[PDB]
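Coming up is one lone chain in structure tokens, specifically the form deposited in one PDB entry.
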């Protein structure tokens, strides 16, 4: 049962961290690990694999670690790594970390990801606030009887708080696709026609599950590339990884400052 597995996970988290309740959770995606160094000093770090119901992250740069971090009056559950629908897991396992974080007390989820830019004026390494999403997976993490409203799924209030730390932050609609193949240029033109600004392979189900469980969501993409058929700056793979790591390191400090309110 998803709710009971979430309650068991939250019990182990409380016991292993010695913290009764974490009021904020952060899921770090691909390219986001460098944010850890700037978020704060962890009081506990443990493998996700030792938590009930957690399929260990396997994607390159997903540590598969949970960090407990004090940030002002807040106790922040940091999930360094997530699992993806393209790994073949039932969506109940994909959204279990978010349900476990809610059961551990998290009222606000920061969901981070890597994304393709669908606009030629986005830059590799640019952080982009998620204004909304397009679920283009033909799936839901919810079952019969769970009829959840996704108006303001990405809290306007949280984007406003982020812009108090960096008022220049861009925003965009994130298209969640199944993957794991990348898009054809014709698919990228279609996504622009459907009103998407960003493309990736996570987040939409985690957002739906977070809203169904009564949590507010702040979504942040790191643009790792311009999407198929959009020509962008000639960068080496080292320049792409370096630009991403520098933004992820800066965004850790920004998230710490925003969470601290």
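Between two forms, the rigid core is the largest collection of C-alphas that superpose within 1.5 Å. Residue numbers count along the first chain shown, from 1.
Another form, the form deposited in another entry, is not on view; read the next lines as being about it.
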Handout entry: C-alpha of residue 228 off by 2 Å or more between this form and the one not shown on rigid core
Key = no
Problem - Core-aligned C-alpha movement of residue 56 between this form and the one not shown, 2 Å or more - result: yes
Problem - CA of residue 24, rigid core aligned, shift of 2 Å or more between this form and the one not shown - result: no
Fill in the blank from the handout: A change of 3 Å or more separates this form from the other: in the other form, the C-alpha atoms of residue 239 and residue 28 are closer
Exercise for the section: Work out the direction of the Cα-Cα change for residue 238 and residue 30 in the other form: closer or farther than in this form? It's 3 angstroms or more. Expected result: closer
